[PDB]
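Notes follow the structure.
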Amino acid sequence: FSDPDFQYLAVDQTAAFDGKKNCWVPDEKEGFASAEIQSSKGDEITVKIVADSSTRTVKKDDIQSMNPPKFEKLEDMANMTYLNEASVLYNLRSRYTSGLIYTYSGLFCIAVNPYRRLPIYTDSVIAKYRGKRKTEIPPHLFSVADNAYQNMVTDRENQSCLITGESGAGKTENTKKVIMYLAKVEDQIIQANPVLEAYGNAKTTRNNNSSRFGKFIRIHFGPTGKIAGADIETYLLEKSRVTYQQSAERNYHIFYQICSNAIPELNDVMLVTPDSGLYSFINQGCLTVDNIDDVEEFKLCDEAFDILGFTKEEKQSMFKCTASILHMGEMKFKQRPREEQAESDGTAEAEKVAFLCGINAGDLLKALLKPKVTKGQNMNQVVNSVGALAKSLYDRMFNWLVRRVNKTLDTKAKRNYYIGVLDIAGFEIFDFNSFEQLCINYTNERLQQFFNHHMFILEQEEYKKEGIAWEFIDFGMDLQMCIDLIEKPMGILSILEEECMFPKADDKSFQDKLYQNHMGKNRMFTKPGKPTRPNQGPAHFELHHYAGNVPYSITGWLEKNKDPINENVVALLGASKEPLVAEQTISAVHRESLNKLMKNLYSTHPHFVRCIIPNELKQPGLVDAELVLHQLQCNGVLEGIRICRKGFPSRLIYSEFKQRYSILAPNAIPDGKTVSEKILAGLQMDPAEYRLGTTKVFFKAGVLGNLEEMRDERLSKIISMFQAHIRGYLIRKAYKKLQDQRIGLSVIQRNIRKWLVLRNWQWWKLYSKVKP
């Protein structure tokens with residue numbers, strides 16, 4: 001439209017294209033290659049690669065139909081002739097290398113990570129997307145958000161966006177832009193991310209800012225359609241990162257912010273020396289982070305605590321408890337050759353800890369080396385309960401922190417409906433995978449299957465409900481299994497959960513008790529295979545997850561699932577001086593949180609966002625077709641589009657249908673659901689072009705346009721017929737006048753001729769004369 005605001009948003013296409021020569025042939029580097037057939041030979045087709053101009057043969061049933069230049073960089077792929085793994089990958093990759101990272105796949109959106117900042121989120125751009133209908137303006141995430149708003153409003157129901165994708169794709173960035181969008185059409189809301197991300201994110205090999213907790217944020221709206229409140233829910237924070245961090249990875253962001261000197265004034269409040277590589281608990285893996293300024297992030301994080309409305313004490317309570325942790329791990333120890341119970345190796349660092357938590361350093365190390373009926377601990381039983389404490393504190397801080405930020409957002413204003421946004425942590429496969437990952441992965445599964453349900457299983461159901469017409473289609477997309485292998489009655493987790501309650505148990509009775517149940521009785525469970533990446537640590541079994549095969553090491557899974565902090569120290573802290581500090585298995589608990597989340601989701605009109613990681617190098621604008629193509633597979637994109645093209649997108653409530661299409665067979669209408677049964681029956685309508693429904697009618701594509709055709713026609717006729725009626729009334733009205741005047745004239749004509757001839761009568765003449 002000439003609008004500068006569309007530089008990286010609007011698509012910028014002819015000749016050399018033979019619909020019978022040109023096709024898609026499998027490739028190892030690009031996934032699919034542009035080929036031009038040369039010679040058939042039964043099944044052995046011989047094509048020429050347009051690129052290098054090399055030649056090769058390919059099974060005939062492995063060629064894919066290419067799309068004509070008519071659909072270059074198409075905005076909506078459901079409108080393409082061919083929706084196959086090679087047409088889709090080509091369209092995306094086409095757009096992507098041109099700045100366009102958003103594309104509709106039918107009813108849901110596709111976002112391909114830019115790995116660079118784009119001027120497409122400005123307020124200038126937001127102005128243009130407001131109240132726009134998806135086809136009206138280029139593809140954009142705003143459009144998805146803007147539309148969910150309109151639906152909640154007009155349709156009067158809750159909306160929801162499940163933004164999915166792999167780890168490092170764009171789930172978080174896009175979730176934030178949605179809120180930022182909905183907020184712009186408030187300040188604290190936007191400001192809750194900086195603090196939650198500082199405490200629940202960390203550098204990882206995959207993501208320099210990896211989210212380590214699940215986030216579901218609902219945004220409430222009032223009677224004038226404006227933001228009237230908001231709440232946040234979080235899930236499974238990586239308690240483990242606190243004390244441990246695999247190489248090339250960092251601990252949570254805060255810890256590094258705290259040791260930068262963004263606010264020197266605070267150094268003495270926390271008792272920290274501005275050196276991160278000084279504290280064991282946070283210098284295991286990485287220290288710095290290409291493109292993350294811990295100095296400035298600390299400032300902004302501090303700045304954000306203010307805007308959130310945090311008293312200075314409150315926000316110093318936070319900072320201290322977390323700096324305290326930086327010390328729990330500095331407390332050295334020793335034995336004392338004899339019994340070993342264990343003795344300390346100083347007390348300097350163990351005091352700073354008791355200090356910051358407002359408890360006696362004495363009473364501490366005491367209830368830590370001989371927990372009370374007493375029961376002393378050895379030299380490791382201690383260093384490990386130290387970690388048990390660090391982890392458990394941080395899990396309470398993070399939880400309290402969220403409760404508090406909701407305090408600031410649960411405005412008691414008036415709520416109508418809302419729009420939630422789900423950002424759950426995605427699939428991730430590392431060199432070594434353990435309980436933490438199974439949990440994240442089980443989580444991500446789960447979700448995918450939701451899309452499968454609501455997308456295929458679902459669509460057809462409604463067709464039935466409304467009572468339209470249709471024949472089923474098996475898209476073969478179910479993971480209930482994988483899901484089942486992990487969650488169901490005797491599943492993986494259920495086995496582990498019943499294994500924790502036994503003090504006798506260990507990493508081997510658990511490992512054996514597992515094969516005992518699923519080896520060979522479920523094909524998703526398979527003995528560990530062979531290395532597909534160097535440094536590939538131990539693996540005890542493999543799971544075939546939607547987006548990958550994961551070799552899981554089950555060592556230490558028993559303690560990881562049953563938490564364990566000296567019930568003693570919990571007493572110390574129970575009555576600590578600091579006001580903050582003073583204030584079921586994990587598996588079962590989480591399984592439950594998750595089930596509850598899912599339950600909350602189902603009651604929604606979902607709009608889906610699909611994130612896609614362009615490559616394994618974290619560099620921008622570079623594509624790895626194999627990987628891309630690979631995602632366009634485990635995510636169900638293509639199929640996700642077939643039904644949009646295949647299916648019955650119409651839908652009408654018999655109440656509004658009877659009112660609009662009764663006038664098409666009124667000589668058959670003596671209940672809104674039967675009246676229509678009649679109308680559409682009268683019209684001798686093909687059972688094909690429509691379907692039943694409980695509360696609504698489903699008309700195949702185009703049909704409704706054609707009904708509005710017949711609808712007009714009749715409405716025009718009828719209007720003519722009433723005009724005919726008016727023509728006939730006026731005519732007949734003036735009928736006497738032509739019969740009446742014919743008489744009324746004969747009177748006058750015959751009755752004047754009389755008075756005329758009577759005056760020409762001698763007698764009358766003479767008579768008239770005498771008169772006087």
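In the structure tokens, each chain is lettered A, B, ... as it comes, each chain's residues begin at 1, and ligands are numbered from 1 in order of appearance.
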
- Message: Show me, as number ranges by chain, the residues that have an atom within 9 Å of region 542-558 of chain A when counting only C-alpha atoms, minus same-chain residues fewer than 2 positions from it.
- Response: A: 166, 427-430, 432-435, 437-438, 441-442, 445, 448, 479, 482, 496-497, 499-500, 505-508, 510-511, 523-529, 537-540, 560-563, 630-631, 633-635

Could you write out, as a PDB file with N, CA and C atoms, in the first residue's frame, all the residues of region 164-287 of chain A that DSSP marks as helix (DSSP H, G or I)?
```pdb
ATOM      1  N   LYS A 171       8.899 -19.757  20.925  1.00  0.00           N
ATOM      2  CA  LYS A 171       7.734 -19.844  21.817  1.00  0.00           C
ATOM      3  C   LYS A 171       7.590 -18.621  22.740  1.00  0.00           C
ATOM      4  N   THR A 172       8.636 -18.336  23.524  1.00  0.00           N
ATOM      5  CA  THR A 172       8.649 -17.218  24.471  1.00  0.00           C
ATOM      6  C   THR A 172       8.556 -15.842  23.816  1.00  0.00           C
ATOM      7  N   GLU A 173       9.464 -15.546  22.896  1.00  0.00           N
ATOM      8  CA  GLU A 173       9.438 -14.267  22.200  1.00  0.00           C
ATOM      9  C   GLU A 173       8.053 -13.920  21.657  1.00  0.00           C
ATOM     10  N   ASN A 174       7.410 -14.910  21.051  1.00  0.00           N
ATOM     11  CA  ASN A 174       6.090 -14.733  20.478  1.00  0.00           C
ATOM     12  C   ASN A 174       5.000 -14.633  21.538  1.00  0.00           C
ATOM     13  N   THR A 175       5.179 -15.309  22.664  1.00  0.00           N
ATOM     14  CA  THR A 175       4.177 -15.228  23.706  1.00  0.00           C
ATOM     15  C   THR A 175       4.192 -13.794  24.223  1.00  0.00           C
ATOM     16  N   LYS A 176       5.390 -13.267  24.419  1.00  0.00           N
ATOM     17  CA  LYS A 176       5.502 -11.921  24.918  1.00  0.00           C
ATOM     18  C   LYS A 176       4.909 -10.916  23.920  1.00  0.00           C
ATOM     19  N   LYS A 177       5.230 -11.041  22.641  1.00  0.00           N
ATOM     20  CA  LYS A 177       4.685 -10.105  21.661  1.00  0.00           C
ATOM     21  C   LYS A 177       3.159 -10.116  21.616  1.00  0.00           C
ATOM     22  N   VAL A 178       2.547 -11.241  21.971  1.00  0.00           N
ATOM     23  CA  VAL A 178       1.087 -11.357  21.948  1.00  0.00           C
ATOM     24  C   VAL A 178       0.504 -10.537  23.068  1.00  0.00           C
ATOM     25  N   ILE A 179       1.084 -10.687  24.254  1.00  0.00           N
ATOM     26  CA  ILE A 179       0.659  -9.951  25.431  1.00  0.00           C
ATOM     27  C   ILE A 179       0.952  -8.458  25.164  1.00  0.00           C
ATOM     28  N   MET A 180       2.171  -8.159  24.737  1.00  0.00           N
ATOM     29  CA  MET A 180       2.521  -6.785  24.459  1.00  0.00           C
ATOM     30  C   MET A 180       1.502  -6.200  23.502  1.00  0.00           C
ATOM     31  N   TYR A 181       1.023  -7.022  22.566  1.00  0.00           N
ATOM     32  CA  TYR A 181       0.033  -6.580  21.574  1.00  0.00           C
ATOM     33  C   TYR A 181      -1.311  -6.310  22.240  1.00  0.00           C
ATOM     34  N   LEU A 182      -1.873  -7.342  22.846  1.00  0.00           N
ATOM     35  CA  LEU A 182      -3.147  -7.240  23.547  1.00  0.00           C
ATOM     36  C   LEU A 182      -3.124  -6.130  24.603  1.00  0.00           C
ATOM     37  N   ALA A 183      -1.947  -5.839  25.137  1.00  0.00           N
ATOM     38  CA  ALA A 183      -1.815  -4.801  26.151  1.00  0.00           C
ATOM     39  C   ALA A 183      -1.921  -3.429  25.495  1.00  0.00           C
ATOM     40  N   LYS A 184      -1.376  -3.315  24.291  1.00  0.00           N
ATOM     41  CA  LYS A 184      -1.397  -2.059  23.556  1.00  0.00           C
ATOM     42  C   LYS A 184      -2.734  -1.686  22.875  1.00  0.00           C
ATOM     43  N   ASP A 187       1.479  -1.687  32.231  1.00  0.00           N
ATOM     44  CA  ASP A 187       2.907  -1.549  32.488  1.00  0.00           C
ATOM     45  C   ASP A 187       3.518  -2.620  33.399  1.00  0.00           C
ATOM     46  N   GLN A 188       2.769  -3.053  34.410  1.00  0.00           N
ATOM     47  CA  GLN A 188       3.241  -4.063  35.352  1.00  0.00           C
ATOM     48  C   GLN A 188       3.292  -5.429  34.706  1.00  0.00           C
ATOM     49  N   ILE A 189       2.258  -5.708  33.912  1.00  0.00           N
ATOM     50  CA  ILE A 189       2.119  -6.955  33.191  1.00  0.00           C
ATOM     51  C   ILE A 189       3.411  -7.159  32.406  1.00  0.00           C
ATOM     52  N   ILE A 190       3.640  -6.283  31.447  1.00  0.00           N
ATOM     53  CA  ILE A 190       4.837  -6.358  30.645  1.00  0.00           C
ATOM     54  C   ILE A 190       6.072  -6.519  31.521  1.00  0.00           C
ATOM     55  N   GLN A 191       6.040  -5.869  32.672  1.00  0.00           N
ATOM     56  CA  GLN A 191       7.153  -5.890  33.605  1.00  0.00           C
ATOM     57  C   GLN A 191       7.335  -7.116  34.464  1.00  0.00           C
ATOM     58  N   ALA A 192       6.397  -8.047  34.379  1.00  0.00           N
ATOM     59  CA  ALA A 192       6.509  -9.261  35.170  1.00  0.00           C
ATOM     60  C   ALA A 192       7.455 -10.249  34.504  1.00  0.00           C
ATOM     61  N   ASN A 193       7.680 -10.082  33.207  1.00  0.00           N
ATOM     62  CA  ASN A 193       8.562 -10.989  32.484  1.00  0.00           C
ATOM     63  C   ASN A 193      10.003 -10.840  32.906  1.00  0.00           C
ATOM     64  N   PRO A 194      10.502  -9.594  32.951  1.00  0.00           N
ATOM     65  CA  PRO A 194      11.896  -9.384  33.348  1.00  0.00           C
ATOM     66  C   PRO A 194      12.272 -10.020  34.673  1.00  0.00           C
ATOM     67  N   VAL A 195      11.356 -10.030  35.640  1.00  0.00           N
ATOM     68  CA  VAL A 195      11.715 -10.642  36.915  1.00  0.00           C
ATOM     69  C   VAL A 195      11.567 -12.157  36.872  1.00  0.00           C
ATOM     70  N   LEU A 196      10.495 -12.657  36.264  1.00  0.00           N
ATOM     71  CA  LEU A 196      10.296 -14.108  36.186  1.00  0.00           C
ATOM     72  C   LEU A 196      11.365 -14.768  35.315  1.00  0.00           C
ATOM     73  N   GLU A 197      11.813 -14.060  34.284  1.00  0.00           N
ATOM     74  CA  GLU A 197      12.832 -14.604  33.406  1.00  0.00           C
ATOM     75  C   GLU A 197      14.196 -14.618  34.081  1.00  0.00           C
ATOM     76  N   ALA A 198      14.422 -13.676  34.987  1.00  0.00           N
ATOM     77  CA  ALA A 198      15.699 -13.604  35.675  1.00  0.00           C
ATOM     78  C   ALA A 198      15.827 -14.797  36.610  1.00  0.00           C
ATOM     79  N   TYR A 199      14.721 -15.136  37.255  1.00  0.00           N
ATOM     80  CA  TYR A 199      14.674 -16.244  38.184  1.00  0.00           C
ATOM     81  C   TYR A 199      14.340 -17.624  37.588  1.00  0.00           C
ATOM     82  N   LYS A 239      14.363 -27.258  39.400  1.00  0.00           N
ATOM     83  CA  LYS A 239      15.056 -27.202  40.690  1.00  0.00           C
ATOM     84  C   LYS A 239      16.537 -27.550  40.580  1.00  0.00           C
ATOM     85  N   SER A 240      16.867 -28.498  39.721  1.00  0.00           N
ATOM     86  CA  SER A 240      18.255 -28.936  39.558  1.00  0.00           C
ATOM     87  C   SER A 240      19.322 -27.970  39.070  1.00  0.00           C
ATOM     88  N   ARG A 241      18.948 -26.969  38.280  1.00  0.00           N
ATOM     89  CA  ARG A 241      19.953 -26.032  37.762  1.00  0.00           C
ATOM     90  C   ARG A 241      20.624 -25.197  38.845  1.00  0.00           C
ATOM     91  N   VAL A 242      19.906 -24.991  39.945  1.00  0.00           N
ATOM     92  CA  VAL A 242      20.378 -24.213  41.083  1.00  0.00           C
ATOM     93  C   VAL A 242      21.799 -24.569  41.541  1.00  0.00           C
ATOM     94  N   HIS A 253      19.610 -16.744  35.375  1.00  0.00           N
ATOM     95  CA  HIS A 253      20.153 -15.418  35.074  1.00  0.00           C
ATOM     96  C   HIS A 253      20.519 -14.519  36.266  1.00  0.00           C
ATOM     97  N   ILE A 254      19.653 -14.446  37.292  1.00  0.00           N
ATOM     98  CA  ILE A 254      19.911 -13.608  38.468  1.00  0.00           C
ATOM     99  C   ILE A 254      21.330 -13.716  39.004  1.00  0.00           C
ATOM    100  N   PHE A 255      21.666 -14.904  39.495  1.00  0.00           N
ATOM    101  CA  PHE A 255      22.986 -15.162  40.054  1.00  0.00           C
ATOM    102  C   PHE A 255      24.108 -14.408  39.340  1.00  0.00           C
ATOM    103  N   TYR A 256      24.037 -14.294  38.024  1.00  0.00           N
ATOM    104  CA  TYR A 256      25.093 -13.604  37.301  1.00  0.00           C
ATOM    105  C   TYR A 256      24.877 -12.115  37.302  1.00  0.00           C
ATOM    106  N   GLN A 257      23.619 -11.707  37.424  1.00  0.00           N
ATOM    107  CA  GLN A 257      23.265 -10.294  37.454  1.00  0.00           C
ATOM    108  C   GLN A 257      23.853  -9.758  38.775  1.00  0.00           C
ATOM    109  N   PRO A 264      26.447  -1.199  42.818  1.00  0.00           N
ATOM    110  CA  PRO A 264      27.490  -1.401  43.832  1.00  0.00           C
ATOM    111  C   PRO A 264      26.922  -1.281  45.239  1.00  0.00           C
ATOM    112  N   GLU A 265      26.002  -0.341  45.429  1.00  0.00           N
ATOM    113  CA  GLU A 265      25.373  -0.127  46.720  1.00  0.00           C
ATOM    114  C   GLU A 265      24.903  -1.446  47.346  1.00  0.00           C
ATOM    115  N   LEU A 266      24.402  -2.350  46.515  1.00  0.00           N
ATOM    116  CA  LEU A 266      23.902  -3.652  46.974  1.00  0.00           C
ATOM    117  C   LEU A 266      24.941  -4.707  47.370  1.00  0.00           C
ATOM    118  N   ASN A 267      26.166  -4.560  46.876  1.00  0.00           N
ATOM    119  CA  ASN A 267      27.217  -5.516  47.191  1.00  0.00           C
ATOM    120  C   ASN A 267      27.293  -5.853  48.675  1.00  0.00           C
ATOM    121  N   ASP A 268      27.254  -4.834  49.527  1.00  0.00           N
ATOM    122  CA  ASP A 268      27.325  -5.061  50.962  1.00  0.00           C
ATOM    123  C   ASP A 268      26.021  -5.569  51.572  1.00  0.00           C
ATOM    124  N   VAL A 269      24.913  -5.369  50.865  1.00  0.00           N
ATOM    125  CA  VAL A 269      23.616  -5.831  51.354  1.00  0.00           C
ATOM    126  C   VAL A 269      23.503  -7.336  51.192  1.00  0.00           C
ATOM    127  N   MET A 270      24.125  -7.839  50.135  1.00  0.00           N
ATOM    128  CA  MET A 270      24.107  -9.259  49.841  1.00  0.00           C
ATOM    129  C   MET A 270      25.376  -9.954  50.341  1.00  0.00           C
ATOM    130  N   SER A 276      31.472 -13.841  39.619  1.00  0.00           N
ATOM    131  CA  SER A 276      30.633 -15.033  39.566  1.00  0.00           C
ATOM    132  C   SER A 276      31.487 -16.309  39.603  1.00  0.00           C
ATOM    133  N   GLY A 277      32.630 -16.271  38.908  1.00  0.00           N
ATOM    134  CA  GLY A 277      33.531 -17.414  38.854  1.00  0.00           C
ATOM    135  C   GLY A 277      34.176 -17.738  40.185  1.00  0.00           C
ATOM    136  N   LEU A 278      33.586 -17.170  41.223  1.00  0.00           N
ATOM    137  CA  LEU A 278      34.038 -17.327  42.590  1.00  0.00           C
ATOM    138  C   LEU A 278      33.147 -18.298  43.339  1.00  0.00           C
ATOM    139  N   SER A 280      31.036 -21.667  43.451  1.00  0.00           N
ATOM    140  CA  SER A 280      30.891 -22.996  42.870  1.00  0.00           C
ATOM    141  C   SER A 280      29.512 -23.202  42.258  1.00  0.00           C
ATOM    142  N   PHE A 281      28.465 -23.030  43.059  1.00  0.00           N
ATOM    143  CA  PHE A 281      27.089 -23.194  42.580  1.00  0.00           C
ATOM    144  C   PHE A 281      26.718 -22.492  41.273  1.00  0.00           C
ATOM    145  N   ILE A 282      27.569 -21.611  40.749  1.00  0.00           N
ATOM    146  CA  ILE A 282      27.249 -20.914  39.507  1.00  0.00           C
ATOM    147  C   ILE A 282      28.399 -20.748  38.517  1.00  0.00           C
TER     148      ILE A 282
END
```

- Item | For residue 224 (chain A), the nearest of the candidates A:153, A:25, A:718, A:731, counting only C-alpha atoms |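 Of all the options, A:153 lies closest to residue 224 (chain A).
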
- Near-residue 636 (chain A) list (10 Å; only C-alpha atoms; drop same-chain fewer than 2 positions) as a count of residues only: 14

- Message: Can you pull out the residues contacting residue 680 (chain A)? Cut-off 12 Å, using only C-alpha atoms, and skip same-chain residues under 2 positions away; I want them as number ranges by chain.
- Response: A: 468, 654, 657-658, 661-666, 668-669, 673-678, 682-692, 697-699, 703-704, 707

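For the atom pair formed by CA of residue 696 (chain A) and CA of residue 651 (chain A), the distance is 6.3 Å, given to one decimal.
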
- Task: Go ahead and compute the interatomic distance for CA of residue 610 (chain A) and CA of residue 13 (chain A), in Å to one decimal.
- Result: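 Value for the CA of residue 610 (chain A)-CA of residue 13 (chain A) distance: 27.6 Å.
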
- Message: Let's see if you can do this: from backbone DSSP, list all strand (DSSP E or B) residues in region 22-119 of chain A, as a PyMOL selection string.
- Response: chain A and resi 22-26+32-39+44-49+55-59+64+76+102-105+108-112

- Message: Applying 8 Å and only C-alpha atoms, which residues near residue 47 (chain A) remain after dropping the ones on its own chain fewer than 3 positions away? List them as a list in words.
- Response: residues 35, 36, 37, 38, 39, 55, 56, 57 and 58 of chain A

Selection from above, C-alpha atoms, as a compact mmCIF listing (two decimals), in the first residue's frame, can you write it?
```txt
# COMPACT_ATOMS: atom_id res chain seq x y z
CA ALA A 35 13.85 -31.69 -10.77
CA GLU A 36 12.91 -31.86 -14.44
CA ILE A 37 12.04 -35.33 -15.76
CA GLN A 38 14.01 -36.72 -18.68
CA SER A 39 12.89 -40.30 -19.20
CA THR A 55 21.33 -36.40 -13.26
CA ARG A 56 19.76 -39.29 -11.40
CA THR A 57 16.97 -41.82 -11.20
CA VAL A 58 14.11 -41.92 -8.66
```

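Taking CA of residue 509 (chain A) and CA of residue 591 (chain A) as the two end points, the separation is 22.9 Å.
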
- residue 323 (chain A) surroundings by only C-alpha atoms, 10 Å radius, close-in-sequence under 4 positions cut, as a PyMOL selection string: chain A and resi 254-255+258-259+267+269-272+317-319+327-328+352-353+356

Could you turn the residues from that selection into a file that holds C-alpha atoms, as a tab-separated table (two decimals), in the first residue's frame?
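Result written to selection.tsv:
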```
chain	number	residue	atom	x	y	z
A	254	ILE	CA	19.91	-13.61	38.47
A	255	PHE	CA	22.99	-15.16	40.05
A	258	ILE	CA	23.96	-10.15	41.21
A	259	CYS	CA	27.77	-10.37	40.70
A	267	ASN	CA	27.22	-5.52	47.19
A	269	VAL	CA	23.62	-5.83	51.35
A	270	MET	CA	24.11	-9.26	49.84
A	271	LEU	CA	27.70	-9.69	51.06
A	272	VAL	CA	28.90	-10.60	47.60
A	317	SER	CA	14.63	-9.89	50.76
A	318	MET	CA	14.62	-11.51	47.32
A	319	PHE	CA	18.14	-10.42	46.40
A	327	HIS	CA	26.99	-19.13	50.00
A	328	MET	CA	25.30	-22.41	50.96
A	352	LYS	CA	26.70	-15.28	56.14
A	353	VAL	CA	24.05	-17.85	55.31
A	356	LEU	CA	20.85	-13.54	55.54
```

- Tell me which protein, DNA and RNA residues are within 10 Å of residue 459 (chain A), counting only C-alpha atoms, leaving out same-chain ones fewer than 2 positions away, and put them as a PyMOL selection string. chain A and resi 453-457+461-464+643-644+647-649

- Nearest residue to residue 314 (chain A) from the set A:732, A:250, A:404, A:750 (distances using only C-alpha atoms): A:404

- Message: I'd like to know which of A:321, A:621, A:273, A:80 is closest to residue 117 (chain A), using only C-alpha atoms.
- Response: A:621

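Closest to residue 78 (chain A) among A:108, A:6, A:279, A:90 is A:108, based on only C-alpha atoms.
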
Determine, using only C-alpha atoms, which residues of region 25-126 of chain A have any atom at most 8 Å from an atom of region 130-146 of chain A, and tabulate each with its shortest atom pair and distance in Å to one decimal place, rows ordered by chain and then rising number, as JSON lines.
```
{"residue": "A:75", "atom": "CA", "partner": "A:139", "partner_atom": "CA", "distance": 6.3}
{"residue": "A:102", "atom": "CA", "partner": "A:140", "partner_atom": "CA", "distance": 5.6}
{"residue": "A:103", "atom": "CA", "partner": "A:139", "partner_atom": "CA", "distance": 5.6}
{"residue": "A:104", "atom": "CA", "partner": "A:139", "partner_atom": "CA", "distance": 6.7}
{"residue": "A:109", "atom": "CA", "partner": "A:144", "partner_atom": "CA", "distance": 7.4}
{"residue": "A:126", "atom": "CA", "partner": "A:130", "partner_atom": "CA", "distance": 6.4}
```

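Nearest to residue 330 (chain A) of all the residues A:349, A:14, A:262, A:681 is A:349, counting only C-alpha atoms.
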